[PDB]
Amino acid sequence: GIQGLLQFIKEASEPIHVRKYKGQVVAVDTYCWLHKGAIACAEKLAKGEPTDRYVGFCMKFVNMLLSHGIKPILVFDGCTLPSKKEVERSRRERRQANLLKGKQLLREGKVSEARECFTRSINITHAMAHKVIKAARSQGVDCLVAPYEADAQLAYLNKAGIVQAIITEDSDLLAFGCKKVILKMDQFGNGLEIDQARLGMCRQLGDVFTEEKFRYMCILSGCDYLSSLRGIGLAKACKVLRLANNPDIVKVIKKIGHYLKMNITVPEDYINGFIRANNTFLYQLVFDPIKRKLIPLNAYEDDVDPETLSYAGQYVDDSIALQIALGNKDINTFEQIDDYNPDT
């Protein structure tokens, strides 16, 4: 996510209870619940031994949401973004490393280091996610598998008015331009809420409370799509965007050293990287649940060419997109692993 963002816009948050959204619709970044629950049965999961504790763990939160008259829409991550393959597979390397090393630490009796290794080897698979999907759908809870990152799908669901709030632990949702984000929610319904409108409460932001400038700030400070320039954090990026009311962000980036009074050299790789990052935050492919088709998060502008946004996602047939979104088609093998029908 956006490192340090929560403490940076700390003044835009407030302690709430989900009772506020009684009789409303709320989408959930289920992976947080999935991972948090996978922590408990980390040993058995990493060993390959059968376990289903994380399912019940998620269903705790689900039932808690249902008890307050809240309609939850569980969202799951789908295909890995074509650009983020490297980072993900490297994460896989680290996980496998902690697994094998953890087992070697089990050979030596080091139980604490072992557990701490196995808990850092947690790989949330699509099988686990689908198990959670079945569990929720048996309780009448809608589930949706995002075409790619669940973040963009949630952002769309909130922007479209389909849901009123987003439950997550990842600050990326704020960079995608969510209206209401519920953070740090326990199994009882206590959590922090960050509304976009109240971004103005943060004096540090200045005039950088507009979605475009906010996105620019998040990207410049360093995001999942692009590493920041050395010595650039949230404050200095915010300062760059504050001092520069120039709409053309590229020219602004090129003379960042002028605004920060530092000696910074900007490679073209960072310019193109910024453009691709912004295009990924703006036009990452999501699934319209109503019209049942693949659409960009935001509508394509006249200045952007959709034929050059392969890194933001790739289009498939709407029927296939529907089968993937329903979780009936496997992400990797494209095989029918289920046959759920929401029209019965």
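Under this definition, the rigid core comprises the largest set of C-alpha atoms superposing within 1.5 Å between the forms. In case it trips you up, residue 1 is the first one in the sequence shown, and so on.
Participant: Once everything is fitted on the core, do the CA positions of 78 to 86 or those of 161 to 169 lie farther from the shown form in 6 other deposited structures of this protein?
Facilitator: So, of the two stretches, the farther one in 6 other deposited structures of this protein is 78 to 86.
Participant: Out of 23 to 31 and 300 to 308, which one drifts farther from the shown form in 6 other deposited structures of this protein in terms of CA positions, with the fit done on the rigid core?
Facilitator: Once the core is superposed, the stretch further away in 6 other deposited structures of this protein is 300 to 308.
Participant: Hey, which bit's got the bigger mean C-alpha B factor in the entry, 281 to 289 or 301 to 309?
Facilitator: According to the entry, 301 to 309 carries the higher average C-alpha B-factor.
Participant: Higher average CA B factor in the deposited record is what I'm after, so tell me if that's 9 to 17 or 331 to 339.
Facilitator: Comparing 9 to 17 with 331 to 339, the higher mean C-alpha B-factor belongs to 331 to 339.
Participant: In terms of recorded Cα temperature factor, pick the maximum from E169, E93, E149, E211.
Facilitator: In this record, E93 carries the highest C-alpha B-factor of the candidates.
Participant: Kindly indicate the residue among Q204, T125, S227, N158 with the greatest C-alpha B-factor in the PDB record.
Facilitator: Max CA B-factor in the entry, restricted to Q204, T125, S227, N158: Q204.
Participant: Looking at the C-alpha B-factor of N272, is it in the lowest, middle or highest third of its chain?
Facilitator: Middle third.
Participant: In terms of the CA temperature factor given in the entry, to which third of its chain does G102 belong: lowest, middle or highest?
Facilitator: As the PDB entry reports it, the C-alpha B-factor of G102 lands in the highest third of its chain.
Participant: Pull the Cα B-factor of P296 out of the PDB entry and bin it into the chain's lowest, middle or highest third.
Facilitator: Tercile = lowest for this residue's CA B-factor.
Participant: How does the C-alpha B factor of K236 compare with the rest of the chain: lowest, middle or highest third?
Facilitator: Ranked within chain, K236 CA B lands in the middle tercile.
Participant: According to the PDB entry, is the CA B factor of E88 in the bottom, middle or top third of its chain, that is, lowest, middle or highest?
Facilitator: Within its chain, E88 is a highest-third residue by C-alpha B-factor, going by the deposited values.
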